[PDB]
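Only one structure is covered here, and it is reproduced in the block below.
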Protein chains: 2
Amino acid sequence: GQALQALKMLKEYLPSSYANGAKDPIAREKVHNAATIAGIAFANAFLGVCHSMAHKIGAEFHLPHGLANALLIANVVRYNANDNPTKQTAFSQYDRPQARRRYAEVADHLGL
Amino acid sequence: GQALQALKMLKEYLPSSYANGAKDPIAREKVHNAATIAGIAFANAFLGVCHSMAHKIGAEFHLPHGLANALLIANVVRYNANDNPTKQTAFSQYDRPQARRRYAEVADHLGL
């Protein structure tokens with residue numbers, strides 16, 4: 001619920017707050033709350049492989065968190081961009097039918 | 001977030017659980033969780049006029065809760081079905097721009 005909420009609500013206020021601030025004391029607190037909601041979200045759902053992997057890239061090259069992973073996300077979902085490679089997957093058809101569908105739900109859920 | 005979640009997720013499992021149970025030990029716990037999520041929701045957002053009003057209808061005629069209001073919701077939103085009656089509204093254009101839009105967001109958000 002609130003993961004979807006934060007994702008939906010961020011797409012408008014990122015460009016504004018990035019361009020505008022503090023001239024826009026609207027988007028800034030909005031994205032602040034959105035980040036807090038994200039923290040609510042993965043407080044129970046653990047992180048993805050990209051996250052610790054970016055921990056690492058930041059680790060050796062002193063790169064800050066937050067953008068190191070931001071350089072990765074793309075290929076990451078392309079790794080998830082799979083129809084049915086049953087090479088190493090475990091218990092696939094139990095609770096997680098297919099990530100692709102989930103992503104598409106996100107897409108149309110933005111109306112993208 | 002989770003209000004939208006419960007609303008979205010209920011529309012499928014109500015007809016099934018109503019028709020099927022206990023033959024369907026899927027929809028029943030699903031709607032159970034949905035109700036719990038609803039309780040999460042209005043735990044901070046207070047009730048609507050229909051709710052206490054249905055409290056009353058149940059009160060005099062010994063009618064059970066849950067269906068008394070269920071006989072009302074229709075006209076209720078038709079009461080909210082207003083473009084701009086500034087007859088008794090207070091502080092309208094502050095945080096709540098228009099309920100109609102919110103309802104339409106629900107509609108397309110179901111894809112209705």
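In the structure tokens, chains take the letters A, B, ... in the order shown, each chain's residues start at 1, and ligands count up from 1 in the order shown.
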(request) Compile the residues of chain B that lie within 7 Å of chain A, evaluated using only C-alpha atoms, and express the compilation as a VMD selection string. (result) chain B and resid 1 to 2 5
(message) Show me, as a VMD selection string, the residues that have an atom within 12 Å of segment 67-83 of chain A when counting only C-alpha atoms, minus same-chain residues fewer than 2 positions from it.
(response) chain A and resid 47 to 65 85 to 87 89 92 97 to 104
(request) Check the DSSP output for the backbone and give back, as a ChimeraX atom specification, the residues of chain B in helix (DSSP H, G or I). (result) /B:2-19,27-41,49-61,69-71,73-80,99-110
Using the selection just defined, write its residues with C-alpha atoms as a JSON list (two decimals), in the first residue's frame.
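New file result38.json:
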[["chain", "number", "residue", "atom", "x", "y", "z"],
["B", 2, "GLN", "CA", -3.50, 0.72, 2.68],
["B", 3, "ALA", "CA", -7.03, 2.12, 2.36],
["B", 4, "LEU", "CA", -6.60, 1.95, -1.41],
["B", 5, "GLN", "CA", -4.99, -1.44, -0.95],
["B", 6, "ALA", "CA", -7.91, -2.95, 0.96],
["B", 7, "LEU", "CA", -10.43, -1.46, -1.45],
["B", 8, "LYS", "CA", -8.61, -2.79, -4.49],
["B", 9, "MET", "CA", -8.06, -6.23, -3.03],
["B", 10, "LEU", "CA", -11.57, -6.74, -1.77],
["B", 11, "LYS", "CA", -13.43, -6.46, -5.08],
["B", 12, "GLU", "CA", -12.38, -9.97, -6.14],
["B", 13, "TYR", "CA", -12.66, -11.92, -2.92],
["B", 14, "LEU", "CA", -16.02, -10.67, -1.71],
["B", 15, "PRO", "CA", -18.10, -12.53, -4.35],
["B", 16, "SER", "CA", -16.01, -15.66, -3.98],
["B", 17, "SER", "CA", -16.00, -15.79, -0.19],
["B", 18, "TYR", "CA", -19.70, -14.93, -0.09],
["B", 19, "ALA", "CA", -20.43, -17.73, -2.53],
["B", 27, "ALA", "CA", -10.85, -15.47, -0.02],
["B", 28, "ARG", "CA", -12.00, -15.74, 3.59],
["B", 29, "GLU", "CA", -8.68, -14.94, 5.22],
["B", 30, "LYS", "CA", -8.01, -12.44, 2.44],
["B", 31, "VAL", "CA", -11.07, -10.38, 3.33],
["B", 32, "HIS", "CA", -10.24, -10.89, 6.99],
["B", 33, "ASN", "CA", -6.90, -9.21, 6.41],
["B", 34, "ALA", "CA", -8.63, -6.56, 4.30],
["B", 35, "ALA", "CA", -10.94, -5.70, 7.19],
["B", 36, "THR", "CA", -7.96, -5.50, 9.51],
["B", 37, "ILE", "CA", -6.32, -3.12, 7.05],
["B", 38, "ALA", "CA", -9.46, -1.01, 7.00],
["B", 39, "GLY", "CA", -9.23, -0.81, 10.77],
["B", 40, "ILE", "CA", -5.65, 0.32, 10.31],
["B", 41, "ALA", "CA", -6.96, 2.97, 7.94],
["B", 49, "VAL", "CA", -21.55, 11.05, 8.89],
["B", 50, "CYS", "CA", -23.09, 7.89, 7.49],
["B", 51, "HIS", "CA", -21.34, 5.82, 10.13],
["B", 52, "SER", "CA", -22.84, 7.35, 13.27],
["B", 53, "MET", "CA", -26.07, 7.88, 11.41],
["B", 54, "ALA", "CA", -26.19, 4.13, 10.80],
["B", 55, "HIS", "CA", -25.27, 3.67, 14.44],
["B", 56, "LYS", "CA", -28.56, 5.39, 15.07],
["B", 57, "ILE", "CA", -30.72, 3.45, 12.61],
["B", 58, "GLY", "CA", -29.34, 0.31, 14.18],
["B", 59, "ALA", "CA", -30.04, 1.81, 17.59],
["B", 60, "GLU", "CA", -33.80, 2.30, 17.40],
["B", 61, "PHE", "CA", -34.76, -0.64, 15.19],
["B", 69, "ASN", "CA", -24.87, 1.85, 6.66],
["B", 70, "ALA", "CA", -24.63, -0.41, 3.62],
["B", 71, "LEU", "CA", -28.14, 0.75, 2.75],
["B", 73, "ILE", "CA", -23.63, 4.64, 1.11],
["B", 74, "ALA", "CA", -25.25, 5.26, -2.24],
["B", 75, "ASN", "CA", -27.11, 8.44, -1.46],
["B", 76, "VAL", "CA", -24.23, 9.44, 0.78],
["B", 77, "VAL", "CA", -21.79, 9.92, -2.06],
["B", 78, "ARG", "CA", -24.55, 11.55, -4.08],
["B", 79, "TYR", "CA", -24.56, 14.06, -1.26],
["B", 80, "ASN", "CA", -20.85, 14.39, -1.95],
["B", 99, "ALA", "CA", -14.00, 15.01, -3.41],
["B", 100, "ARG", "CA", -15.29, 14.28, -6.92],
["B", 101, "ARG", "CA", -11.73, 14.10, -8.20],
["B", 102, "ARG", "CA", -10.80, 11.77, -5.36],
["B", 103, "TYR", "CA", -13.67, 9.48, -6.23],
["B", 104, "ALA", "CA", -12.62, 9.49, -9.88],
["B", 105, "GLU", "CA", -9.09, 8.58, -8.81],
["B", 106, "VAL", "CA", -10.65, 5.63, -7.04],
["B", 107, "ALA", "CA", -12.62, 4.77, -10.18],
["B", 108, "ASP", "CA", -9.76, 4.75, -12.66],
["B", 109, "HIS", "CA", -7.60, 3.37, -9.87],
["B", 110, "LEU", "CA", -9.78, 0.30, -10.02]]
